[PDB]
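Quick heads-up: it's one chain on its own, the form deposited in one PDB entry, in structure tokens.
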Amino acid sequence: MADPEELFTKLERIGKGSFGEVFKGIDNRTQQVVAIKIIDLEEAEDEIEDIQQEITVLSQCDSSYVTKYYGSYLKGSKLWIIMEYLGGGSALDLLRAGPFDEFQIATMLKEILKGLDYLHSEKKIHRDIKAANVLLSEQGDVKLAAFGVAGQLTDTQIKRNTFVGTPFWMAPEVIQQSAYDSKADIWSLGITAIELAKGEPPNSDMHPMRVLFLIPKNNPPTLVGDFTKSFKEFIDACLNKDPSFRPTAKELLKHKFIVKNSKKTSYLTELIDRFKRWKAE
């Protein structure tokens, strides 16, 4: 069966937030650095075919804006899932070192939007868009985490191993359990945007149970403070309470805020650099 424990070397763990067991690792064969996620299968216990569904769907993507899938190996009864590893860090990570320009933000959103467009075209969706899942290569490339990736007619919230454990980036029609599609990702994008500009999402300081009941009732969040009008305008575009009034990704791709402000993706390595310089050890 060729056992992954000798095919790959596990390094520091990075699965602190969800289920657990995501590691940095190395392909012993090729010295390529990978992400390794190990799933029990025994102690699952959301069914096997659900997990294979996650993989089927993930392996269908071959976009330089969505994190690649390299394959899987079964050791006795644990499954090693190997994916592309991005050594720049997450946008969330990169904020620890200081704030971002509008040019930097817009550069990122542009790339996420391309990822998003690619997904939407295959009637796939994302479902966990947040600065934590905005991932960067060491040369400044930007791509969505594989974590959120899903099929257009799949309920990712019912199942363990896929569910989002915080309501902050969630669209109101999702919270209301009603019919929802890719327009909900667009909403999450709007939140991400506020998050990239402000360091945290609207109402972070609030109890998740109050939040869920405000997100439908209240007016949508807005961008506030020293940001350009077109930036604020981009965020209203995304955060419409009515899914129908939200632009597709293709349309956002040519919003003024993106067109005026985005730049060469390489320029983002200044962020990667700033971060390296910033952190300890």
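So that there is no doubt, residue numbering starts at 1 and follows the sequence shown.
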{"query": "112-120 versus 188-196 - greater average Cα B-factor per the deposited record", "finding": "112-120"}
{"query": "28-36 set against 220-228, stretch whose average Cα temperature factor tops the other in the entry", "finding": "28-36"}
{"query": "Highest recorded Cα temperature factor - choice among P167, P99, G76, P201", "finding": "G76"}
{"query": "Residue with highest C-alpha B-factor in the PDB entry, from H126, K130, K159, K143", "finding": "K159"}
{"query": "B-factor third for the C-alpha atom of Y267 within its chain", "finding": "highest"}
{"query": "Entry-reported Cα temperature factor of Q177, expressed as the chain third it lands in", "finding": "highest"}
{"query": "For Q53, the third of its chain into which the C-alpha B factor falls", "finding": "highest"}
{"query": "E251 - Cα temperature factor, lowest/middle/highest third of chain", "finding": "middle"}
{"query": "Chain-wide C-alpha B factor ranking for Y70, given as lowest, middle or highest third", "finding": "middle"}
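Same protein, other form: the form deposited with a small molecule bound, not shown, and the subject of what follows.
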item: Contact test, all of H120, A171 and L239, partner the small molecule in the bound PDB entry, heavy atom 4.5 Å; value: no
item: In the bound PDB entry, the residue from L86, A197, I175, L95 that sits within 4.5 Å of the small molecule by heavy atoms; value: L86
item: The unique member of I215, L223, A35, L252 whose heavy atoms fall within 4.5 Å of the small molecule in the bound PDB entry; value: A35
item: Segment that reaches the small molecule in the bound PDB entry - one of 104-112, 199-207, 78-86, 185-193, heavy atoms within 4.5 Å; value: 78-86
item: Proximity of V142 to the small molecule in the bound PDB entry, heavy atoms at 4.5 Å; value: no
item: Any non-hydrogen atom of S90 within 4.5 angstroms of the small molecule in the bound PDB entry; value: yes
item: Contact of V22 with the small molecule in the bound PDB entry (heavy atom, 4.5 Å); value: yes
item: In the bound PDB entry, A132 touching the small molecule (heavy atom, 4.5 Å); value: yes
